[PDB]
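K.L.:
once you've seen the sequence and the experimental structure below, I've got questions.
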Protein chains: 2
Amino acid sequence: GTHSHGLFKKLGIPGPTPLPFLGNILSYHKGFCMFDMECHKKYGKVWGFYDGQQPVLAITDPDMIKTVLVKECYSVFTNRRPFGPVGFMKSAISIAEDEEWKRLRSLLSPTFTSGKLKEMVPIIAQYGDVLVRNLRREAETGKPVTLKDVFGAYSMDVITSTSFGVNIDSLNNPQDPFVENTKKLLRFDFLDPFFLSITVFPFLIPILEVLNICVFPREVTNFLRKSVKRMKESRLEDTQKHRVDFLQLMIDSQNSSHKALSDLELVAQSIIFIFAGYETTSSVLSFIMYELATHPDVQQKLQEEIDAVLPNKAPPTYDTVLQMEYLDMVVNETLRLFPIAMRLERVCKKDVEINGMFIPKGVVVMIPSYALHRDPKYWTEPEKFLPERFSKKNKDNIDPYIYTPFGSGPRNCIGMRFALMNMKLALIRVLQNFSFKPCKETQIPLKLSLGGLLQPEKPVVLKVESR
Amino acid sequence: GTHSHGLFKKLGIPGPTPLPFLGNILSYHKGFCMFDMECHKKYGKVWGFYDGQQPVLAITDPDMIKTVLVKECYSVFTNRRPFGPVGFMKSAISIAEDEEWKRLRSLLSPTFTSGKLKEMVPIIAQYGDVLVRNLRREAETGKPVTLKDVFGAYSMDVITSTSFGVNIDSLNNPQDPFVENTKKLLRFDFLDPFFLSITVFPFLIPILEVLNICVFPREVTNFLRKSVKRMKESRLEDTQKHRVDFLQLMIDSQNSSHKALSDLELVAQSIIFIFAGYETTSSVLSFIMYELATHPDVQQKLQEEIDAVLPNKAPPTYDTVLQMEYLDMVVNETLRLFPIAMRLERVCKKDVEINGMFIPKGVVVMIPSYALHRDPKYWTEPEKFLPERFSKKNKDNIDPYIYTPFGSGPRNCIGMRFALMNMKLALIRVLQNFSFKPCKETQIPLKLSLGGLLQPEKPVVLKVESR
Ligand code: HEM
Ligand code: HEM
Ligand SMILES: Cn1c(=O)c2c(ncn2C)n(C)c1=O
Ligand SMILES: Cn1c(=O)c2c(ncn2C)n(C)c1=O
Ligand SMILES: Cn1c(=O)c2c(ncn2C)n(C)c1=O
Ligand SMILES: Cn1c(=O)c2c(ncn2C)n(C)c1=O
Ligand SMILES: Cn1c(=O)c2c(ncn2C)n(C)c1=O
Ligand SMILES: Cn1c(=O)c2c(ncn2C)n(C)c1=O
């Protein structure tokens, strides 16, 4: 009942007093972010709470966050919190643990070098132009535009081609088999009834694993396992058309210290890259277009910067993307306000003392990225969208352990450079062509979901006018 | 269903073909020992089977057993197979794992040195004389004697006094609170319905742990937790009566590298020493008295040896016990025929290759002590009780990885020297006084249980005549 609930009381650590069985989950009625903000204001730099019987220790000091995320990563803080049932997706790099993770991360890093990314840019840019043609169709018809639909389709297009060589105008092929299945790989709402039920009954996870029940929908993982094997074969026959997708890069890796990726592991990476990058990219893109529609001066400045680097609507390149400083500032400032991961977490696998504080074995150590991104101690007027924060002049005062939209240390976002390049390539191609102005039905100011995902209450709709 | 059942088929390893869900447990209808003998005869040096979905790899080569039990103990083969639900007995040294085990084993080894044992001998010998007075009462009344009752009471007497300073003629006080509770700490029958059900439904263990259901009976562990705390206090007051029991030795250890034993850990050791030594000691003692009643020449020789070392029925001492060579040979030969642990087991925690064979992570590696003790390749006429096997002349040919009545390596029986001293002290004091002859109701030859414990089908009853 109150089996594990005496922990933070004994260590002297403050927090919200838990209820038997539930722990503190009734406090999630306003979402993770409002709960972490409120805990921070009340209890200060460190506090504890219980997801059911699972103790979670929140930390906010940048030197102590560096010890967890960086310094003692391989020794103590290696793994994220177990969730399940995951079935074979246990072999996905984001879910693997200890030596399996370290091996998988070693096997996959060459797949995310800037050289392989530079090679993928011509593919991504192709669907930037596809986004423009579809944006135009909805702009020449004066009609408000749902960002997540048009950015969802773009993120989908980039995914299908950069991971499998599958080239699809998903917007206009919404019933292509590959689109209908990929659309289902959406991030998990850990506040929905099923996951809250598992949190309160974690002893039921083994029961679901043995019945082959799985949080990754069976129909979609089956479709991709057999889709991947069909590509694996057919790539061995017509072996002249060189490919630059993730699949091909992972196929070449098993043609080898460590063991090469097994065919099942490879399918698990392919699945988790999609899950990791699909709804995230489109969510961020939508948040950015919101800030630019509500800050027309910022939008004008960015469009001026783009036309200076790429005159006469010249196609963006790898090097010209990295050149655009205000674009980078706009992306970063949006990710400060909306760090869609919300939290970073590591399990404490050993009794440890770091920076002076004792951490018992088994605790989940949580870094509350949303709250730290909005803390007045590091960010003046934290609620205002102000890209000059990230000017090269002010970048000296920004702690890489307070601003963590992609995490930090060995287990950070492995697709970070890819996601940044992919979002900026879309942004340039869109802003070269259009301007984005509010509607009357634009939620101004935008409200966040009370749910377990960082996303707007109402969808973001805006008017799109052709330049 | 047949989730894990393709393992040994793929590795090329032979074994009995498993049924869905059950694995091979229907083959346990003749017990562990007959199953391991039969597997050995059929499949040779190495074979595999499934306890439910749990693969077990049996090994028989002494160089490969040394690698598991000795060479790669700390790195790969550290832990025994999980069973549960165990509740807080998770902190008992025999159940602890990895770094917890290593710490507990380090903290408890000084408690089992020959110096502390020499100091406990006067206590143990006291109950040797108590065994004699009770044996006499049943000998002057010509009436057959149930060994396990008279050796059970002796093992109980030695336990209560050497671990808690509690001095009781348990035979004649069978309703003393301390006796009635200790009598319940009996070894587990892993072939009984409850444990077979858990083997086939291991996913139910977490469900029982959360309801505080536990294989160590709650009533008995509660009685001992509060009995121990009563002694812990009262030992701090009258601190003049020096004590030499395990409790006192563990109390002195928390008056300190490692963390000292917590009060809950200490109670867990106290419990597991009883469980480990109570039914085992009396079982072996009974098997020995059987062999001596069925081999009167061996019995005469041993009694002659005792009267040569201890003339005029002199009290046995530490040094005079270690002097008696034929006594040691009789004990060892009995433990060859009846190695009551039946199997040694280690979990394989890593992908390993030892002595040329691949062992996947998660496999249970089993050393089938009963079968190896009766293998014709190492033991001529293995079924005959022949103590000369262990003469100093022939001790050169006996492989310490074939003969493993107490296991081997860092995780071997930590109470081994104590158990040997305790059984020999009883044997001497009894044989100095009595001779043991069969009954008509003596099961000759004795048959082993078809159950999960190495024990006689029928109880062992014998006539006891005073010398
Ligand atoms: C704007 C889009 C994205 C954001 C905001 C984002 C953010 C994050 C964050 C916060 C983490 C946790 C890191 C930590 O715990 O410290 C993470 C992990 C990860 N991300 Fe991203 N990500 C994005 C896109 C992508 C993409 C496109 C991929 C494609 C490969 C990807 C692959 C991964 C993987 C595999 C992990 C787990 C890495 C590991 O455990 O070793 N993400 N991401
Ligand atoms: C004739 C009586 C006994 C026999 C045949 C016996 C045999 C064994 C065997 C075969 C093991 C397994 C070792 C391995 O896995 O390699 C073991 C472990 C153990 N025994 Fe004994 N034992 C006896 C009496 C005792 C006694 C009196 C104690 C009192 C302390 C004791 C304490 C232990 C402990 C604590 C372990 C687990 C050690 C660890 O995991 O580190 N045993 N015993
Ligand atoms: C609240 N919560 C999480 O936030 C979570 C989780 N697994 C992963 N995360 C992030 N589980 C099981 C959970 O209950
Ligand atoms: C509502 N819901 C889920 O949300 C879910 C699930 N299995 C996995 N997930 C994520 N099941 C069975 C379910 O009923
Ligand atoms: C913890 N975490 C994230 O927070 C995440 C992600 N992909 C995107 N995000 C935001 N992955 C794979 C992940 O493991
Ligand atoms: C057959 N068997 C054992 O023999 C066993 C066990 N746990 C320990 N042992 C020894 N379990 C769960 C088991 O099913
Ligand atoms: C028969 N049986 C057992 O043998 C048992 C048990 N809990 C532990 N054990 C060992 N329960 C609940 C049980 O019904
Ligand atoms: C595996 N095992 C045994 O086989 C054993 C024992 N005590 C006696 N025996 C036989 N203990 C504590 C143990 O863990």
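P.N.:
Noted; the coordinates are in hand. Numbers count the residues shown, from 1 in each chain, chains lettered A, B, ... in the order given. Ligands and ions are numbered 1, 2, ... in the order given.

K.L.:
any idea how far residue A:413 is from the residue nearest the centre of chain A?
P.N.:
In chain A, the centroid-proximal residue (C-alpha atoms, centre = their mean) is residue A:280; its distance is 4.7 Å. Distance of residue A:280 to residue A:413, computed by C-beta to C-beta, to the nearest Å: 9 Å. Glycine gets a C-beta too; all of them are placed from N, C-alpha and C.

K.L.:
number of nearby residues for the residue in the stretch 1-150 of chain A that ligand 1 sits nearest to?
P.N.:
Nearest to ligand 1 in the stretch 1-150 of chain A, going by C-beta to the nearest ligand atom, is residue A:94, at a distance of 3.7 Å. Residues lying near residue A:94 (other C-beta atoms under 10 Å in any protein chain shown) number 17.

K.L.:
which ones are touching the residue lying closest to it once chain neighbours are set aside?
P.N.:
Excluding the flanking residues, the one nearest residue A:94 by C-beta to C-beta, 6 or more residues apart in numbering or on different chains is residue A:272, at 5.5 Å. Residue A:272 sits next to A:89, A:92, A:93, A:94, A:95 when contact means C-beta atoms under 8 Å, 6 or more residues apart in numbering or on different chains.

K.L.:
now for those: which two are most distant?
P.N.:
A:89 and A:93 (10.4 Å; C-beta to C-beta).

K.L.:
before we move on, what SS does the closest residue to ligand 2 within the stretch 301-450 of chain A have?
P.N.:
Taking C-beta to the nearest ligand atom, ligand 2 has its nearest neighbour within the stretch 301-450 of chain A at residue A:361, 20.2 Å off. Put simply, residue A:361 is coil when judged by DSSP: H, G, I helix; E, B strand; the rest coil.

K.L.:
picking up where we left off before, next, give phi and psi for the residue nearest to the centre of chain A.
P.N.:
Main-chain torsions, residue A:280, degrees, to the nearest 10: phi -60, psi -60.

K.L.:
next up, the contacts around it.
P.N.:
Residue A:280 is in contact with A:187, A:340, A:419, counting by C-beta under 8 Å, 6+ apart.

K.L.:
next one: residue A:362
P.N.:
A:55, A:347, A:348.

K.L.:
which ones are touching the closest residue to the second one other than its chain neighbours?
P.N.:
Which is residue A:347. Excluding the flanking residues, the one nearest residue A:347 by C-beta to C-beta, 6+ apart is residue A:79, at 4.9 Å. Contacts for residue A:79 were tallied using C-beta under 8 Å, 6+ apart; they are A:97, A:98, A:101, A:346, A:347, A:349.

K.L.:
which of the residues you listed are buried?
P.N.:
A:101, A:346, A:347, A:349 (16 or more other C-beta atoms under 10 Å in any protein chain shown).

K.L.:
buried stuff in the helix or strand where residue A:235 lies?
P.N.:
For residue A:235, the host element (DSSP states H and E) is helix A:218-237. Residues A:220, A:221, A:223, A:224, A:225, A:227, A:228, A:231, A:232 are the ones in helix A:218-237 that count as buried (16+ other C-beta under 10 Å).

K.L.:
pipe those into JSON lines and attach distance to ligand 2 per row.
P.N.:
Listed next are the buried residues of helix A:218-237 as JSON lines, based on distance: C-beta to the nearest ligand atom, whole Å:
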{"residue": "A:220", "distance to ligand 2": "46"}
{"residue": "A:221", "distance to ligand 2": "41"}
{"residue": "A:223", "distance to ligand 2": "48"}
{"residue": "A:224", "distance to ligand 2": "45"}
{"residue": "A:225", "distance to ligand 2": "42"}
{"residue": "A:227", "distance to ligand 2": "49"}
{"residue": "A:228", "distance to ligand 2": "45"}
{"residue": "A:231", "distance to ligand 2": "50"}
{"residue": "A:232", "distance to ligand 2": "46"}
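
K.L.:
let me know the closest of those residues to ligand 6.
P.N.:
residue A:221 (31.6 Å).

K.L.:
closest residue of the stretch 201-350 of chain A to ligand 1?
P.N.:
Checked against ligand 1 (C-beta to the nearest ligand atom), the nearest residue in the stretch 201-350 of chain A is residue A:277, 2.7 Å away.

K.L.:
ligand 3 contacts on the stretch 101-250 of chain A?
P.N.:
Residues of the stretch 101-250 of chain A lying near ligand 3 by C-beta under 6 Å from any ligand atom: A:190, A:195, A:199.

K.L.:
repeat that for 8 Å
P.N.:
By the rule C-beta under 8 Å from any ligand atom, the part of the stretch 101-250 of chain A lying against ligand 3 is A:188, A:190, A:191, A:195, A:196, A:198, A:199, A:202.

K.L.:
got a list of what the fourth one touches?
P.N.:
Contacts of residue A:195 were listed using C-beta under 8 Å, 6+ apart, and they are A:83, A:188, A:189, A:452.

K.L.:
go on, the first one?
P.N.:
Residues counted as contacts of residue A:188 (C-beta under 8 Å, 6+ apart) are A:83, A:195, A:215, A:452.

K.L.:
burial check on the residue of the stretch 301-450 of chain A closest to ligand 2, number of neighbours?
P.N.:
Neighbours of residue A:361 under the rule other C-beta under 10 Å: 13.

K.L.:
tell me the contacts of the closest residue to it other than its chain neighbours?
P.N.:
What sits nearest to residue A:361 in space, not counting adjacent residues and going by C-beta to C-beta, 6+ apart, is residue A:351, at 5.1 Å. When the contact criterion is C-beta under 8 Å, 6+ apart, the partners of residue A:351 are A:358, A:359, A:360, A:361.
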